[PDB]
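Chains as they are written, first to last, in UniProt numbering: chain E, 11 to 122, 130 to 301; chain V, 9 to 50, 53 to 123, 128 to 301. For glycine and all other residues, C-beta sits at the position ideal for the given N, C-alpha and C.
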Amino acid sequence: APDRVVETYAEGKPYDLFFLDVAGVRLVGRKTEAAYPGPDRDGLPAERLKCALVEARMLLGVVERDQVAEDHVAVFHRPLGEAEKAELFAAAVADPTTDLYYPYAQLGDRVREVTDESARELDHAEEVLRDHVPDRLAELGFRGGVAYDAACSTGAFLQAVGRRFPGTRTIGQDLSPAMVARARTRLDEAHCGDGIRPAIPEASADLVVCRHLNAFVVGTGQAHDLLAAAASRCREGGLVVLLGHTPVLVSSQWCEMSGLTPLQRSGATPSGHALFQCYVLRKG
Amino acid sequence: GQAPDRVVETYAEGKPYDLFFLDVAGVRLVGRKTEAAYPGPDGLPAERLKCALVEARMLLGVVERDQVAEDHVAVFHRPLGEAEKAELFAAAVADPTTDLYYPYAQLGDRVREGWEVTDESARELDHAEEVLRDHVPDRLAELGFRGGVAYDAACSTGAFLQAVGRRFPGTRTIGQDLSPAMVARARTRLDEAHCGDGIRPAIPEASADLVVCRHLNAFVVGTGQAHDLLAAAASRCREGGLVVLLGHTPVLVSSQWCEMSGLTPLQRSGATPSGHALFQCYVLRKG
Ligand SMILES: Nc1ncnc2c1ncn2[C@@H]1O[C@H](CS)[C@@H](O)[C@H]1O
Ligand SMILES: Nc1ncnc2c1ncn2[C@@H]1O[C@H](CS)[C@@H](O)[C@H]1O
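Structure follows, in structure tokens:
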């Protein structure tokens, strides 16, 4: 018999309901505090953090049907055992094409600050991801060139990419001038301005990074406009990378309709204990 | 293996309630309801009518993912060929357990926007339910229904419950409807007809052999109201009895919620004898 998971709009968090499309089977989970950056060691337990990471223990069951109503979102599912959760979660870790998405990230009222500690906070929450992406870009054929970060933040991420591919020109852009001030110490080039006004000519970058198309940063319409803005900077055959601390607001299906063929959709921690969103797309 | 497509319905002017899902062969298909060939298929062309009927031509593709946004709902899907739709639609016709539902029926503005019922208006409703009247009584016989007390919580003109009372003679037909103009017409068709909100059922608790609900649907009630009314109507059904959910407009209660409430679905959709059309027809056994 099926079960129902609910997130109300007034005080619930619809953006915490994630879907995992594994092996033609859709699973539903509720994101909680994840073990960050790695799993609990033998004698030292890992710290918890609300971040991009999902783990098997946050899975709920096998999605049968949803019902989006006036004041809440409901997902009907058949519950999964703890061992069944881990095995299906492992199959998603073994397949980076697995989509991890949050279909209700723009529902509810909850979705409706640059300091020295605030820059350190987001840099820490993106660590498990700075460790993953540059190596994974090498395995996907990235050879270097011009790397464009449309919302570079401190610039630590794009700098990590430029370290992995020596000779890559790192060009950052951020809306916050406090962000740009820091990013100029880590990047060859950092511009102050909204991503909707890109600072580089079109089709001039071999890698475009988008970390701002996400819940609590932009709305749905804006995220799709900024996606078309950042991707217009990518040359043909180049790579577009979408990820984020908070749920990405664009689907990989929309990217495919935009001519951005997904090469991978999610990534896992080296231990395999967690999954996160990591869309790597090839512009056609 | 097909690059996706997108079907959109806006809340302000679109019709999200017209997007239907077909859960056939362990996969979800998406379609948009248009005017169906009613009551039967076409060498004379049948009349077209917005009703409970969906046809294979109304399918769009295989659901990949949806995105319920602030001002619209989108469904990403791989489009199906016309021959492919009929093949999958025929497999749904051949399995009345196929769930046909409208998961966005309670979203949008159109579903948010008198004393007299004329003779022609009563004719209008009975005609829209004719395919449904021809099907359920014969289908309820094949599912073990032997008779007793048949309670219709929103009997409307009463013609539907009268059809049931004819397939199973000796059954006491109890009607109820919010509208007093409905009750007056249903009194001429049923053993008794009561005026009142189905949230206050006019029939003893846990005493009916069959409960019919045509009011748990879009444009009739809200979502929370539909669930409260379902609880009230099913509460009149005796253990082991049958509860039937159906509607001219999309049914607002999920089959999964019926199973959570002790109502085991024996079938979820029905098909015209021609097999050309499908419609929602939940038959639930109470435990
Ligand atoms: N529309 C936009 N264009 C460029 N950068 C943006 C942005 N919206 C947010 N950001 C930038 O993205 C970073 C992570 S939230 C943050 O440093 C913010 O300044
Ligand atoms: N809350 C309610 N209780 C009983 N009947 C209701 C109702 N809401 C609508 N109805 C009745 O159901 C029928 C739907 S086509 C219609 O004849 C209306 O009078």
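- [ ] Closer than 8 Å by C-beta to residue 155 (chain V): which residues in its own chain qualify, once you throw out the five before and the five after it? Chain order, please.
- [x] 181 and 182
- [ ] Using the beta-carbon of each residue, find all residues closer than 5 Å to any heavy atom of ligand 1 and list them in chain order.
- [x] E:168, E:170, E:191, E:192, E:193, E:196, E:211, E:212, E:229 and E:234
Open item on the list: For chain E, check one thing: does any of its Cβ atoms lie closer than 8 Å to the Cβ of residue 296 (chain V)?
Closed with: no
Open item on the list: With three or more beta-carbon pairs closer than 8 Å as the criterion, would you say the segment 61-81 of chain V touches the segment 13-28 of chain V?
Closed with: yes
Open item on the list: Since residue 88 (chain E) and residue 71 (chain E) should fall inside the 8 Å C-beta cutoff, what is the C-beta to C-beta distance between them, to a whole number of angstroms?
Closed with: 5 Å
Open item on the list: Short of 8 Å in beta carbon distance, which residues of its chain neighbour residue 69 (chain V), apart from the five on each side in sequence? Order them along the chain.
Closed with: 30, 37, 38, 39, 90, 95, 98 and 99
TODO: Determine whether the Cβ of residue 14 (chain E) lies closer than 8 Å to any Cβ atom of chain V.
DONE: yes
Task: Proximal chain V residues relative to residue 268 (chain E), where beta-carbon distance stays under 8 Å - done: Simply 75, 77 and 86.
Open item on the list: Restricting to Cα atoms, I'd like to know which of V:217, V:233, V:260 and V:210 is closest to residue 187 (chain V).
Closed with: Cα-wise, what sits closest to residue 187 (chain V) is V:217.
Open item on the list: Closer than 7 Å to a non-hydrogen atom of ligand 2 - does that hold for the CB of residue 266 (chain V)?
Closed with: A distance criterion of 7 Å places the beta-carbon of residue 266 (chain V) beyond contact range of ligand 2, judged by its closest non-hydrogen atom.
- [ ] Work out the CA separation of residue 288 (chain V) and residue 102 (chain E) for me, nearest whole Å.
- [x] In a straight line, the C-alpha of residue 102 (chain E) is about 44 Å away from that of residue 288 (chain V).
TODO: Could you work out which residue in V:240, V:278, V:230 and V:271 is closest to residue 253 (chain V) when comparing CA atoms only?
DONE: V:278
Task: Where residue 283 (chain V) sits in the DSSP three-state scheme - done: strand
Task: Contact set between residue 114 (chain V) and chain E, taken where Cβ atoms lie within less than 8 Å - done: 78
Task: residue 135 (chain E), buried or exposed, once every other Cβ within 10 Å from all chains shown has been counted against 16 - done: exposed
- [ ] Verify the contact flag: residue 243 (chain V), CB atom, against every heavy atom of ligand 2, threshold strictly below 7 Å.
- [x] yes
Open item on the list: According to DSSP, simplified to helix, strand and coil, what is residue 204 (chain E)?
Closed with: coil
Task: Residue ranges of each beta strand (DSSP E) within the segment 150-211 of chain V, 3 or longer - done: 163-166, 186-191 and 206-209
TODO: Report the rounded CA-to-CA distance for residue 169 (chain E) versus residue 149 (chain E), giving the unit in angstroms.
DONE: 17 Å
- [ ] Using the Cα positions of residue 194 (chain E) and residue 243 (chain E), report the straight-line distance between them to the nearest angstrom.
- [x] When rounded, the distance between both Cα atoms is 19 Å.
Open item on the list: Could you check whether the Cβ of residue 243 (chain E) sits closer than 8 Å to any Cβ belonging to chain V?
Closed with: no
TODO: Please confirm if the segment 261-280 of chain E is in contact with the segment 43-59 of chain E, defined as three or more CB-CB distances below 8 Å between the two stretches.
DONE: no
- [ ] Compare the C-beta of residue 171 (chain V) with all C-beta atoms of chain E and state if any pair is closer than 8 Å.
- [x] no
Task: Member of V:66, V:64 and V:131 whose CA lies at the smallest distance from the CA of residue 197 (chain V) - done: V:131
Task: Whole-angstrom distance between residue 282 (chain V) and residue 106 (chain V), CA atom to CA atom - done: 6 Å
- [ ] Would you identify the three-state DSSP class for residue 87 (chain V), choosing helix, strand or coil?
- [x] DSSP places residue 87 (chain V) in the strand class (E or B) of the three-state scheme.
TODO: Could you pull the start and end residues of the alpha helix (DSSP H) that residue 242 (chain E) belongs to?
DONE: 237-249
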